[PDB]
$ cat entry_39.pdb   # PDB, C-alpha atoms (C1' of nucleotides) and all ligand atoms
ATOM      1  CA  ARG N   1     106.772  99.790  94.584
ATOM      2  CA  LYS N   2     104.421  99.421  91.606
ATOM      3  CA  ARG N   3     101.347  97.222  91.873
ATOM      4  CA  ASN N   4     100.749  95.373  88.622
ATOM      5  CA  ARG N   5      98.692  92.581  90.134
ATOM      6  CA  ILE N   6      94.923  92.586  90.065
ATOM      7  CA  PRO N   7      93.618  90.799  93.214
ATOM      8  CA  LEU N   8      91.329  87.828  92.589
ATOM      9  CA  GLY N   9      89.456  88.005  95.861
ATOM     10  CA  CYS N  10      86.789  90.648  96.481
ATOM     11  CA  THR N  11      87.668  93.967  98.101
ATOM     12  CA  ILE N  12      85.986  93.187 101.420
ATOM     13  CA  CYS N  13      87.508  89.724 101.864
ATOM     14  CA  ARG N  14      90.832  91.447 101.266
ATOM     15  CA  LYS N  15      90.161  93.990 103.994
ATOM     16  CA  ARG N  16      88.791  91.362 106.370
ATOM     17  CA  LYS N  17      91.869  89.241 105.629
ATOM     18  CA  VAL N  18      89.955  85.981 105.016
ATOM     19  CA  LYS N  19      89.740  83.472 102.169
ATOM     20  CA  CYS N  20      87.421  84.570  99.358
ATOM     21  CA  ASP N  21      85.485  81.805  97.607
ATOM     22  CA  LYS N  22      85.357  84.359  94.804
ATOM     23  CA  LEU N  23      81.944  83.345  93.477
ATOM     24  CA  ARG N  24      80.237  85.912  91.239
ATOM     25  CA  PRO N  25      78.311  88.252  91.281
ATOM     26  CA  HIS N  26      79.116  88.246  94.974
ATOM     27  CA  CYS N  27      81.098  85.783  97.003
ATOM     28  CA  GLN N  28      79.488  83.522  99.598
ATOM     29  CA  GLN N  29      81.720  85.187 102.166
ATOM     30  CA  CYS N  30      79.900  88.489 101.795
ATOM     31  CA  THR N  31      76.493  86.934 101.225
ATOM     32  CA  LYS N  32      76.972  85.037 104.490
ATOM     33  CA  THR N  33      77.870  88.106 106.534
ATOM     34  CA  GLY N  34      75.100  90.085 104.860
ATOM     35  CA  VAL N  35      77.179  92.512 102.819
ATOM     36  CA  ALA N  36      76.638  91.068  99.334
ATOM     37  CA  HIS N  37      75.551  94.513  98.164
ATOM     38  CA  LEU N  38      79.086  95.716  98.953
ATOM     39  CA  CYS N  39      80.883  92.816  97.294
ATOM     40  CA  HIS N  40      82.902  93.567  94.155
ATOM     41  CA  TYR N  41      86.094  92.579  92.366
ATOM     42  CA  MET N  42      88.854  94.814  90.989
ATOM     43  CA  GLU N  43      89.149  95.001  87.207
ATOM     44  CA  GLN N  44      92.049  97.431  86.860
ATOM     45  CA  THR N  45      95.271  98.082  88.750
ATOM     46  CA  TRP N  46      95.614 100.106  91.957
ATOM     47  CA  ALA N  47      96.772 103.117  89.907
ATOM     48  CA  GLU N  48      94.126 102.999  87.175
ATOM     49  CA  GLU N  49      91.582 102.542  89.928
ATOM     50  CA  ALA N  50      92.908 105.547  91.841
ATOM     51  CA  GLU N  51      92.678 107.777  88.790
ATOM     52  CA  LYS N  52      89.153 106.600  88.103
ATOM     53  CA  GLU N  53      88.046 107.580  91.611
ATOM     54  CA  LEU N  54      89.627 111.020  91.293
ATOM     55  CA  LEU N  55      87.705 111.588  88.068
ATOM     56  CA  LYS N  56      84.429 110.405  89.579
ATOM     57  CA  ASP N  57      84.895 112.598  92.635
ATOM     58  CA  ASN N  58      85.521 115.675  90.523
ATOM     59  CA  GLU N  59      82.584 114.872  88.315
ATOM     60  CA  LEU N  60      80.454 114.312  91.391
ATOM     61  CA  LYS N  61      81.636 117.559  92.963
ATOM     62  CA  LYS N  62      80.926 119.661  89.857
ATOM     63  CA  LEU N  63      77.470 118.192  89.437
ATOM     64  CA  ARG N  64      76.524 119.251  92.967
ATOM     65  CA  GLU N  65      77.682 122.768  92.142
ATOM     66  CA  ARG N  66      75.623 122.806  88.954
ATOM     67  CA  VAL N  67      72.436 121.535  90.612
ATOM     68  CA  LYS N  68      72.700 124.113  93.408
ATOM     69  CA  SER N  69      73.017 126.718  90.661
ATOM     70  CA  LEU N  70      69.887 125.524  88.903
ATOM     71  CA  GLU N  71      67.867 125.174  92.088
ATOM     72  CA  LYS N  72      68.915 128.693  93.078
ATOM     73  CA  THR N  73      67.675 129.922  89.690
ATOM     74  CA  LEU N  74      64.330 128.125  90.141
ATOM     75  CA  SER N  75      63.290 130.569  92.890
ATOM     76  CA  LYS N  76      65.548 133.616  92.647
TER      77      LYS N  76
ATOM     78  CA  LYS C   1      91.348  93.042 122.567
ATOM     79  CA  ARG C   2      89.703  93.106 119.101
ATOM     80  CA  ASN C   3      87.167  95.496 117.545
ATOM     81  CA  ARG C   4      84.368  93.061 116.648
ATOM     82  CA  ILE C   5      81.338  94.989 115.370
ATOM     83  CA  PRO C   6      77.910  93.269 115.421
ATOM     84  CA  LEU C   7      76.541  92.239 112.004
ATOM     85  CA  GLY C   8      72.792  92.042 112.530
ATOM     86  CA  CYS C   9      70.457  95.002 112.867
ATOM     87  CA  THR C  10      70.299  97.040 116.093
ATOM     88  CA  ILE C  11      66.887  95.742 117.111
ATOM     89  CA  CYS C  12      67.430  91.997 116.604
ATOM     90  CA  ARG C  13      70.498  92.446 118.828
ATOM     91  CA  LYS C  14      68.468  94.308 121.420
ATOM     92  CA  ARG C  15      65.977  91.412 121.243
ATOM     93  CA  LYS C  16      68.621  88.712 120.961
ATOM     94  CA  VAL C  17      66.993  86.901 118.021
ATOM     95  CA  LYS C  18      68.492  85.709 114.730
ATOM     96  CA  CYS C  19      68.691  88.406 112.062
ATOM     97  CA  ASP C  20      67.953  87.290 108.489
ATOM     98  CA  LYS C  21      70.256  90.208 107.662
ATOM     99  CA  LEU C  22      68.272  91.214 104.582
ATOM    100  CA  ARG C  23      68.910  94.776 103.402
ATOM    101  CA  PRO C  24      67.873  97.526 103.712
ATOM    102  CA  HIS C  25      65.582  96.124 106.423
ATOM    103  CA  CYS C  26      65.413  92.559 107.783
ATOM    104  CA  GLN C  27      62.261  90.421 107.719
ATOM    105  CA  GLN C  28      62.701  89.775 111.437
ATOM    106  CA  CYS C  29      61.674  93.287 112.310
ATOM    107  CA  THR C  30      59.349  93.741 109.338
ATOM    108  CA  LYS C  31      57.197  90.973 110.830
ATOM    109  CA  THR C  32      57.117  92.847 114.128
ATOM    110  CA  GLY C  33      56.075  96.154 112.548
ATOM    111  CA  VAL C  34      59.291  98.184 112.734
ATOM    112  CA  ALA C  35      60.911  97.664 109.295
ATOM    113  CA  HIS C  36      62.081 101.211 108.675
ATOM    114  CA  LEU C  37      63.723 101.358 112.108
ATOM    115  CA  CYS C  38      66.006  98.510 111.085
ATOM    116  CA  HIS C  39      69.617  99.494 110.344
ATOM    117  CA  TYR C  40      73.039  97.886 110.687
ATOM    118  CA  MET C  41      76.209  99.077 112.377
ATOM    119  CA  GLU C  42      79.095 100.311 110.218
ATOM    120  CA  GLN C  43      81.939  97.847 109.861
ATOM    121  CA  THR C  44      85.390  99.456 109.424
ATOM    122  CA  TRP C  45      86.199  97.009 106.618
ATOM    123  CA  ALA C  46      83.124  98.366 104.848
ATOM    124  CA  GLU C  47      83.666 102.129 105.108
ATOM    125  CA  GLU C  48      85.222 102.468 101.655
ATOM    126  CA  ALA C  49      82.795 100.189  99.842
ATOM    127  CA  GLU C  50      80.083 102.090 101.695
ATOM    128  CA  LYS C  51      81.422 105.507 100.776
ATOM    129  CA  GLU C  52      81.638 104.328  97.181
ATOM    130  CA  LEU C  53      78.014 103.189  97.307
ATOM    131  CA  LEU C  54      76.808 106.640  98.405
ATOM    132  CA  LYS C  55      78.853 108.365  95.710
ATOM    133  CA  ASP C  56      77.367 106.212  92.997
ATOM    134  CA  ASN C  57      73.807 106.567  94.229
ATOM    135  CA  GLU C  58      74.291 110.328  94.557
ATOM    136  CA  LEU C  59      75.936 110.811  91.122
ATOM    137  CA  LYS C  60      72.951 108.866  89.837
ATOM    138  CA  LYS C  61      70.281 111.066  91.469
ATOM    139  CA  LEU C  62      72.076 114.302  90.581
ATOM    140  CA  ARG C  63      71.977 113.426  86.914
ATOM    141  CA  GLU C  64      68.256 112.838  87.142
ATOM    142  CA  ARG C  65      67.697 116.123  88.928
ATOM    143  CA  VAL C  66      69.855 118.202  86.614
ATOM    144  CA  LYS C  67      67.679 116.995  83.716
ATOM    145  CA  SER C  68      64.533 117.483  85.755
ATOM    146  CA  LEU C  69      65.561 121.082  86.540
ATOM    147  CA  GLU C  70      66.852 121.824  83.045
ATOM    148  CA  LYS C  71      63.310 121.092  81.836
ATOM    149  CA  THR C  72      61.389 122.803  84.641
ATOM    150  CA  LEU C  73      63.421 125.796  83.466
ATOM    151  CA  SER C  74      61.437 126.127  80.235
TER     152      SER C  74
ATOM    153  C1'  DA X   1      62.884  88.965 127.949
ATOM    154  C1'  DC X   2      67.542  87.330 128.658
ATOM    155  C1'  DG X   3      71.387  84.668 130.939
ATOM    156  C1'  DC X   4      74.929  81.981 128.981
ATOM    157  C1'  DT X   5      78.236  79.392 126.312
ATOM    158  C1'  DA X   6      78.511  77.339 121.401
ATOM    159  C1'  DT X   7      79.225  79.629 117.328
ATOM    160  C1'  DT X   8      81.769  82.820 114.756
ATOM    161  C1'  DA X   9      84.748  86.818 113.154
ATOM    162  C1'  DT X  10      89.342  89.729 114.108
ATOM    163  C1'  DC X  11      94.169  90.855 113.029
ATOM    164  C1'  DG X  12      98.960  89.408 114.645
ATOM    165  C1'  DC X  13     101.798  86.514 112.323
ATOM    166  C1'  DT X  14     103.592  82.999 108.818
ATOM    167  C1'  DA X  15     104.354  82.218 103.702
ATOM    168  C1'  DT X  16     104.943  83.545  99.348
ATOM    169  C1'  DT X  17     105.159  86.483  95.059
ATOM    170  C1'  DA X  18     107.330  89.905  92.796
ATOM    171  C1'  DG X  19     109.255  95.313  92.182
ATOM    172  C1'  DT X  20     114.119  97.295  91.727
TER     173       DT X  20
ATOM    174  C1'  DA J   1     119.101  90.144  97.771
ATOM    175  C1'  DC J   2     116.180  92.912 100.101
ATOM    176  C1'  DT J   3     111.789  93.469 101.539
ATOM    177  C1'  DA J   4     107.106  95.959  99.952
ATOM    178  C1'  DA J   5     102.691  93.771  98.742
ATOM    179  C1'  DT J   6      99.625  89.860  99.118
ATOM    180  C1'  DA J   7      96.983  85.841 100.756
ATOM    181  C1'  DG J   8      94.689  84.441 104.603
ATOM    182  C1'  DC J   9      95.452  80.855 108.835
ATOM    183  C1'  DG J  10      93.627  80.228 113.362
ATOM    184  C1'  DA J  11      93.797  81.047 118.577
ATOM    185  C1'  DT J  12      90.340  83.025 120.905
ATOM    186  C1'  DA J  13      87.961  87.578 122.055
ATOM    187  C1'  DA J  14      83.022  88.347 121.639
ATOM    188  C1'  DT J  15      78.945  88.451 119.611
ATOM    189  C1'  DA J  16      75.015  85.240 118.490
ATOM    190  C1'  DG J  17      70.428  83.653 119.381
ATOM    191  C1'  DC J  18      68.644  79.272 121.904
ATOM    192  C1'  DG J  19      66.043  77.601 125.140
ATOM    193  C1'  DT J  20      64.187  78.468 130.204
TER     194       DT J  20
HETATM  195 ZN    ZN V   1      84.989  87.670  99.064
HETATM  196 ZN    ZN V   2      82.727  89.498  98.600
HETATM  197 ZN    ZN V   3      67.324  92.071 112.106
HETATM  198 ZN    ZN V   4      63.176 102.102 105.130
HETATM  199 ZN    ZN V   5      65.886  94.525 111.529
END
$ encode --input "entry_39.pdb" --output "C-alpha cells"
Amino acid sequence: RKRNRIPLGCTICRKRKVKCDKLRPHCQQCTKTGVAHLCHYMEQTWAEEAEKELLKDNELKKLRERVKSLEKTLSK
Amino acid sequence: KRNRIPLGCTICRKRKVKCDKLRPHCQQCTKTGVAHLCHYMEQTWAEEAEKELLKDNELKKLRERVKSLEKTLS
DNA sequence: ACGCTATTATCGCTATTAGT
DNA sequence: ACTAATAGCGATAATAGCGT
C-alpha cells in the first residue's frame, strides 16, 4: 500500500512510539531524553525520501572513491 | 522483558550521578576532568538517525578534502 | 561509593485513518 | 469491506541518582 501521508511527529518519537509535542527545531521529547541533535521531521513522502537516500548514498560512495584516487596520486 | 538502554553517559552511570546529558560530552564529567571519555550508549530507535548523521558529516568532510587535494595537486 | 525504590521509558495492544 | 499504516496509551520492567 502507498504512503501518501507525511507524519507530523518527529522520526524518533515515531520509532519510540510516544506522543510528540512536535515543537521545532526539535521537540521537547527528544530534548528531554538528550537526543535533540537527532530530532527531525519528514518533509516528503516515504517514497521520495527513499529515493533521496539512495541518491545520497551513491553520491557519498563515489566521493570516497574519488578521494582515495586523489590521495593515492599525492604520493604515488 | 524489555530492552531498556541507559540514556546518560557511561561514567555518570558508573558513578550513579545525574547526567546533564549534554553532547558530545556532559558537564558532569567535564567538571571531573574526563570530558573526552564521555560517550552514550546506542539506542536502537536512534540507529537510523545516527547512521544518517554520520553520512552527512562524512559527505561534508569529503567535499572539503576533495577540494583541498585538488589544490595540493597544483 | 552505592544500596534501593521513586522516577521513567518500552512495546504489546487498542483506535483510527485511509489504500484498493 | 478488508486490513496495511499510523498514533501513541500505559502497566510495569528497569534504570535513575538521592541520600546514608
Ligand atoms: Zn518528537
Ligand atoms: Zn524529536
Ligand atoms: Zn554524564
Ligand atoms: Zn571529545
Ligand atoms: Zn559524561
$ resolve_selection --input "entry_39.pdb" --expression "the PyMOL selection byres (((not hetatm)) within 8 of (chain V and resi 2))" --output "list in words"
residues 9, 10, 11, 12, 13, 20, 22, 26, 27, 28, 29, 30, 31, 35, 36, 38, 39, 40 and 41 of chain N
$ resolve_selection --input "entry_39.pdb" --expression "the PyMOL selection byres ((chain C) within 8 of (chain J))" --output "ChimeraX atom specification"
/C:1-2,4,6,16-18
$ closest_atom_pairs --input "entry_39.pdb" --of "chain C" --to "ligand ZN 4 (chain V)" --cutoff "9 Å" --atoms "all atoms listed in the file" --output "tab-separated table"
residue	atom	partner	partner_atom	distance
C:24	CA	V:ZN4	ZN	6.7
C:25	CA	V:ZN4	ZN	6.6
C:35	CA	V:ZN4	ZN	6.5
C:36	CA	V:ZN4	ZN	3.8
C:37	CA	V:ZN4	ZN	7.0
C:38	CA	V:ZN4	ZN	7.5
C:39	CA	V:ZN4	ZN	8.7
$ residues_near_ligand --input "entry_39.pdb" --ligand "ligand ZN 3 (chain V)" --cutoff "9 Å" --atoms "only C-alpha atoms (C1' of nucleotides) and all ligand atoms" --output "JSON, numbers by chain"
{"C": [8, 9, 10, 11, 12, 13, 17, 18, 19, 20, 21, 22, 25, 26, 27, 28, 29, 30, 35, 38, 39, 40]}
$ interface_residues --input "entry_39.pdb" --of "chain N" --to "chain J" --cutoff "6 Å" --atoms "only C-alpha atoms (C1' of nucleotides)" --output "VMD selection string"
chain N and resid 17 to 19
$ atom_distance --input "entry_39.pdb" --atom1 "atom CA of residue N:70" --atom2 "atom CA of residue C:69"
6.6 Å
$ resolve_selection --input "entry_39.pdb" --expression "the PyMOL selection byres ((chain C) within 9 of (chain N))" --output "PDB file with C-alpha atoms, in the frame of the given file"
ATOM      1  CA  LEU C   7      76.541  92.239 112.004  1.00  0.00           C
ATOM      2  CA  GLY C   8      72.792  92.042 112.530  1.00  0.00           C
ATOM      3  CA  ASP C  20      67.953  87.290 108.489  1.00  0.00           C
ATOM      4  CA  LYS C  21      70.256  90.208 107.662  1.00  0.00           C
ATOM      5  CA  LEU C  22      68.272  91.214 104.582  1.00  0.00           C
ATOM      6  CA  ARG C  23      68.910  94.776 103.402  1.00  0.00           C
ATOM      7  CA  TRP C  45      86.199  97.009 106.618  1.00  0.00           C
ATOM      8  CA  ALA C  46      83.124  98.366 104.848  1.00  0.00           C
ATOM      9  CA  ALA C  49      82.795 100.189  99.842  1.00  0.00           C
ATOM     10  CA  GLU C  50      80.083 102.090 101.695  1.00  0.00           C
ATOM     11  CA  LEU C  53      78.014 103.189  97.307  1.00  0.00           C
ATOM     12  CA  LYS C  55      78.853 108.365  95.710  1.00  0.00           C
ATOM     13  CA  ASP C  56      77.367 106.212  92.997  1.00  0.00           C
ATOM     14  CA  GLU C  58      74.291 110.328  94.557  1.00  0.00           C
ATOM     15  CA  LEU C  59      75.936 110.811  91.122  1.00  0.00           C
ATOM     16  CA  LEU C  62      72.076 114.302  90.581  1.00  0.00           C
ATOM     17  CA  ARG C  63      71.977 113.426  86.914  1.00  0.00           C
ATOM     18  CA  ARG C  65      67.697 116.123  88.928  1.00  0.00           C
ATOM     19  CA  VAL C  66      69.855 118.202  86.614  1.00  0.00           C
ATOM     20  CA  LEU C  69      65.561 121.082  86.540  1.00  0.00           C
ATOM     21  CA  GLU C  70      66.852 121.824  83.045  1.00  0.00           C
ATOM     22  CA  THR C  72      61.389 122.803  84.641  1.00  0.00           C
ATOM     23  CA  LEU C  73      63.421 125.796  83.466  1.00  0.00           C
TER      24      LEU C  73
END
$ atom_distance --input "entry_39.pdb" --atom1 "atom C1' of residue X:15" --atom2 "atom CA of residue N:5"
18.0 Å
$ interface_residues --input "entry_39.pdb" --of "chain X" --to "chain N" --cutoff "12 Å" --atoms "all atoms listed in the file" --output "list in words"
residues 8, 9, 10, 11, 12, 17, 18, 19 and 20 of chain X
$ atom_distance --input "entry_39.pdb" --atom1 "atom CA of residue C:15" --atom2 "atom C1' of residue X:3"
13.0 Å
$ closest_residue --input "entry_39.pdb" --among "C:44, C:57, C:68, C:32" --to "chain X" --atoms "only C-alpha atoms (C1' of nucleotides)"
C:44
